[PDB]
Amino acid sequence: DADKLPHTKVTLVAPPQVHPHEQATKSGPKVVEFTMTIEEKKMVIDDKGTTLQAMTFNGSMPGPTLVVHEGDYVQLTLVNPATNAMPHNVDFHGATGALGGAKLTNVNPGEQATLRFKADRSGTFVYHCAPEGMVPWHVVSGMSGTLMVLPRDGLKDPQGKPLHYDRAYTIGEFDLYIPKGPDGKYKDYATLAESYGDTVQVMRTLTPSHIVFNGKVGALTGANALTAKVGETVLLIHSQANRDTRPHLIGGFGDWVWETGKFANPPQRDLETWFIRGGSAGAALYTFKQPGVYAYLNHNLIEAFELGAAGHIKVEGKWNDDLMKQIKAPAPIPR
Amino acid sequence: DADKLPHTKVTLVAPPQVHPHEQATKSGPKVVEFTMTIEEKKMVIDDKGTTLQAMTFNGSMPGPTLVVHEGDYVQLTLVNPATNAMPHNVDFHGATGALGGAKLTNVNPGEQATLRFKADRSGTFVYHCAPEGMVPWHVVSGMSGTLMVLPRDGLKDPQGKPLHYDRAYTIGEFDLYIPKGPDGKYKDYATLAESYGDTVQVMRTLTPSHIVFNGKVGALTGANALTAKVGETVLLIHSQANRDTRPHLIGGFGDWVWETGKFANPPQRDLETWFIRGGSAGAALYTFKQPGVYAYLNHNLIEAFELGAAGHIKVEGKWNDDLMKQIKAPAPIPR
Amino acid sequence: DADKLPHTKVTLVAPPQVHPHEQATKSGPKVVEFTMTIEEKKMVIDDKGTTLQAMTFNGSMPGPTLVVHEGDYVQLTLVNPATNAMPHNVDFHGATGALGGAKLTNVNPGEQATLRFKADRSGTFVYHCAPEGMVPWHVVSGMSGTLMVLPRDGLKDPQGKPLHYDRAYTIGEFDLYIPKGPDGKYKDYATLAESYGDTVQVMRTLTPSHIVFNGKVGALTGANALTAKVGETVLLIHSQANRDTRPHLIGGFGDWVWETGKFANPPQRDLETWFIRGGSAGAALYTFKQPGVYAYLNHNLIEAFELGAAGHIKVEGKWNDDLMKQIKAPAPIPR
Ligand SMILES: [Cu+2]
Ligand SMILES: [Cu+2]
Ligand SMILES: [Cu+2]
Ligand SMILES: [Cu+2]
Ligand SMILES: [Cu+2]
Ligand SMILES: [Cu+2]
Ligand SMILES: [Zn+2]
Ligand SMILES: [Zn+2]
Ligand SMILES: [Zn+2]
Ligand SMILES: [Zn+2]
Ligand SMILES: [Zn+2]
Ligand SMILES: [Zn+2]
């Protein structure tokens, strides 16, 4: 049983990167040890200075992605420093019992706890905070991320053939509910607690003020664009802990997609747009064949371009005229 | 043909239970006879006394689940007593022709009708009222339920192996559109007809005031929690006749899920959250492995916790530390 | 390579028809040449005279469906006449690179351009306009349609058996965001440009004023109902370039459905309601077995009946009492 196995300790890395790991492995099961520390902080979430009284695992939206293999045990130490105001906990969708671990990880400021569970199902799974009586607030304020449980022999196509990625990225998409005052301007709160009531009223409308990748409008653009090269297969992990989304790569595809995120199921191929149910993480593979700056976005184009749910992927390599060619550049219409 | 076969008569039971039935059967096709009686009534739908001018099959939201086997004929007598104000009918998504039967079951108050159709496709299917010119109102006011057509040889996994459940529950999720007056308080109407215009205006906003399981906030909690035991496989049938939802079991999984609800298709496994398209019923199996009180909810957590789309499942049995263990209880952070 | 192959020229036809084409073909790859001309125009979109400052490919919402076979090259000439006010382009979800072709087809009024790309994946794919900085506006104002890339050997069921349709229809579903003035009446704009700011404010609410098939409430009803006969298999192509939808045939099924729209994946069978992710096109086959007027609709019934997302299919042939029979017509309840 779990008390017999070797332990490993993993150092997490900040999104959109994912900590180094193997896909197919000859390793046997391990107890894999992680630690996360909660940070409440005010964050600027758009280009005009709007702030969110935010709550995070490890300082980031999303929290870092934790990667283990099927049959491993996840052993998380969750730290709630005294510098925080609220209690927190963690609910792993990949875990069985005790409301995902929530019932066993209730940490007031100044406390920590350690949870172990068996990661017995392969897939990308949401984890999120879920304190009794204030679950949606802690989720929408930023407290979610992904646990990826890889099959021990790596990813497989519908015919059981091997699949792999060369590079992985993790995108958390956050529907935010920022209140406005009578002047129509977004409210700025001195403390987390003061934002609560007004935010619940906005939540209940079901209309986000902003929908952002990785914590801010344009998080994944400019200097912070994702990167790849022609010939590389990228895994795009997409989590939405509260609300549906519909990822899409402009000028690309989901070559192999697990939209419900569970790797024991066959993936679908050649997707234009896939669907991440609120409360889940999904996974897409794409092998770049053309260089250029791509957009990766939620294809409700209002959600993407107006509300913030879009990033960029800058891809190096050589252009392929067989795949696409400008035959006649824009030029006057003929007489 | 159908005029040759034996008839059976089934007595329906109220949600969340489902009438006794076999899964795999050695029985041949039958004409299976059901009756439902429509009841219009005012219902209290939340903890603060809000009322809905509701419309129901058999007095309940959802209507009872009807269970037959593929190749059976469903023979429904639909009774509209004179104590009701409106005309009604029934549209079975499992039926072929005549707008699901709607065109053939138009019953004014004081009338009844009898419809037969062949249940030639396996699956969970929505049925709902659909009177010409007032379809959405009758649906959102409570007039829907599920027909479950089981394959004759029972449920199968993607490899054709047998699946089964030990206990079945039926959950209908209702997006409600209750109007408010100028004081911001929900309106209470003396009659069904008086609620119509105001309700259509709320409907057109696409924002529900409440989203409830089985007719009321907290319907499936406390004394009315669903129940199971460690080692039991439960089937959770989930219908949403008007609007999408995303079911999830906190601390569990969808072990095998037909999210589109059609059993001739292979199920997906190991789901964290699945998706019920508005206008459909889906089905999930889960074998409990840990005792405790679970939540079963729509994982738009605002919809669940603010608006009402959540229930509880209380599960007896022994805790399994291999699956999950508290390694260190919440305790002060060390120096 | 592509410079070697034969060229063909296709004449497009207006929705809901689809230009003649073969399914399974013994033909080898071709460069298939199409032309589309953009028309900006004011259109009446409902029964009370509401107008949309609309943008279209070829004068229609949706644009025409383009049909090729896997391994063909699509060669589109896109014409933006001088009679238009805005620049436009095209983003084909079926194409690889250059933001779907958008970067290579930027045409100001009075200009045209010609794009070739390899249609290397089978499926129904959205194409839409995507001018830098005004993508959602051009999409929601009507600038989308479908490219259908058929497998060279035709459609296949999950076991590799042949499937086919006898008749194809193309339905584009449009979430519209028409502004109102202080009097609560929809605004009418003298020019396209004047509609922009007010429309963006409505877009940002995420609540459509109207949701229509093929450009107008009731587009596909009355004289313009779709038609079929008992024994015919119809393909229903359903595109939604911006927002999710949930198609359903009342009194029918999706016999075989590719809801994500990609034919190399196995279809699901016996669907009651399927799901088209915003930003995608899907495809359903249904073989009619009963005559009558069907409804084909988005099964958010508010979206369908209140907001406009419904059409009719009028089906000729003989009634089948084995499939459905009125056993007792509506009649008084007995003493
Ligand atoms: Cu928290
Ligand atoms: Cu959860
Ligand atoms: Cu009714
Ligand atoms: Cu229906
Ligand atoms: Cu345009
Ligand atoms: Cu697109
Ligand atoms: Zn140990
Ligand atoms: Zn590779
Ligand atoms: Zn008989
Ligand atoms: Zn059992
Ligand atoms: Zn040539
Ligand atoms: Zn045919």
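General remarks:
- Cut-off under 5 Å, modelled amide H: who pairs with A:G59 long-range: A:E39
- Over 25 Å [Cα-Cα, the range A:152-318], rounded percent: 37 percent
- Each Cα pair under 8 Å and six or more residues apart adds its separation to the average, and for the range B:152-318 the resulting relative contact order is 27 percent.
- Per-peptide average of other Cβ atoms within 10 Å, ordering C:27-39, B:7-19, A:104-116 highest first: A:104-116, C:27-39, B:7-19
- If the chain linking C:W319 and C:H164 were pulled fully straight, counting 0.36 nm for each residue of separation and taking away their Cα-Cα distance, it would gain 53.4 nm.
- For A:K42, the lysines whose Cα comes closer than 29 Å to its Cα, not counting residues fewer than 8 places off in the same chain, are A:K103, A:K180, A:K185, A:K187, A:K216.
- Rounded to the nearest whole angstrom, the semi-axes of the ellipsoid equivalent to the range C:1-151, taken from the Cα gyration tensor as √(5λ), stand at 27, 17, 13, largest first.
- Alpha-carbon centroid distance for the pair the range B:134-211 / the range B:43-108, whole angstrom: 12 Å
- Backbone phi angles across the range A:321-327, fed through the Karplus curve with coefficients 6.51, -1.76 and 1.60 (θ = phi - 60°), yield HN-Hα couplings of 5, 5, 5, 7, 9, 6, 7 Hz in residue order; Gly and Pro are listed as x.
- Projected label distance in nm at B:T83 and A:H7, using a 7 Å step from Cα toward the beta-carbon: 6.7 nm
- Here's how it looks for A:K180: its modeled amide H is under 5 Å from those of A:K187, which are all 5 or more places away or on a different chain.
- Karplus-derived 3J(HN,Hα), 6.51/-1.76/1.60, for each residue of the range A:79-87, Hz, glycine and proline x: 10, 10, x, 5, 6, 8, 9, 10, x
- In terms of its alpha-carbon gyration tensor, the protein assembly as shown comes out rounded; the largest-to-smallest axis ratio a/c stays below the 1.5 threshold.
- Evaluated with a Cβ-only charge set (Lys, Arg +1; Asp, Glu -1), the range C:1-151 carries a dipole of roughly 140 debye about its Cα centre, given to the nearest 20.
- Across peptide C:197-209, the average count of Cβ atoms from other chains found within 10 Å of a residue's Cβ is 3.
- Given +1 at the Cβ of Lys and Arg, -1 at the Cβ of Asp and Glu and no other charges, the dipole of the protein assembly as shown around its Cα centre is 800 debye to the nearest 20.
- Averaging the sequence gap over all C-alpha pairs within less than 8 Å and six or more residues apart, then dividing by the number of residues, gives the range B:1-98 a relative contact order of 31 percent.
- Among B:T287, B:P334, A:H128 - extreme Cα towards positive end, dipole of the protein assembly as shown, charges at beta-carbon: B:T287
- When the square roots of the Cα gyration tensor eigenvalues are ordered a ≥ b ≥ c, the ratio a/c for chain C is 1.5 or more and a/b does not exceed b/c, which makes its shape oblate.
- Loop-located trypsin sites (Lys or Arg not before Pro) in the range B:130-234 (DSSP state other than H, G, I, E, B) with a sparse environment of at most 12 neighbouring Cβ atoms within 10 Å: B:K185.
- Sites A:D198 and A:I333, calculated FRET efficiency, Cβ-Cβ separation with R0 45 Å, nearest 0.05: 0.25
- Per-pair calculated FRET efficiency, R0 = 60 Å: B:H19 and A:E22 via Cβ, rounded to 0.05: 0.70
- Restricting the GluC sites (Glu not before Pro) of the range A:207-308 to loop positions (DSSP other than H, G, I, E, B) with no more than 16 neighbouring Cβ atoms within 10 Å leaves A:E232.
- Selection from B:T245, B:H88, B:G110, by position along the positive dipole direction of chain B (Cβ): B:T245
- Calculated from backbone phi, Karplus (6.51, -1.76, 1.60) coupling profile of the range B:39-56 in Hz, x at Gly/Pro: 10, 7, 6, 6, 10, 8, 10, 8, 7, 9, x, 4, 10, 10, 6, 9, 10, 9
- Residue among A:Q201, B:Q268, A:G278 farthest towards the positive dipole end of the protein assembly as shown, charges placed on Cβ: B:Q268
- This model, with +1 at the C-beta of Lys and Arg and -1 at the C-beta of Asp and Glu, gives the range A:69-138 a dipole about its Cα centre of some 60 debye.
- Global form of the range B:1-90, assessed from the alpha-carbon gyration tensor, a/c cut-off 1.5: oblate
- The sum of -39500 (n - 2.57) across all DSSP H runs of n ≥ 4, divided by the residue count of chain C, sets its helix-only mean residue ellipticity at 222 nm to -2000 deg cm²/dmol.
- Calculated FRET efficiency for the pair A:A190/A:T227, C-beta based, R₀ 35 Å, to 0.05: 0.35
- The H on the amide N of A:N84, modeled in the peptide plane, is under 5 Å from the matching H of A:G110, each at least 5 residues off or on a different chain.
- Percent RCO, i.e. relative contact order, over chain B, from Cα pairs under 8 Å lying at least 6 residues apart: 16 percent
Rule-based calculations on the coordinates, nothing more; no lab input. Reconstructed Cβ throughout: ideal geometry from the backbone, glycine too, with neighbour counts over all protein chains shown.
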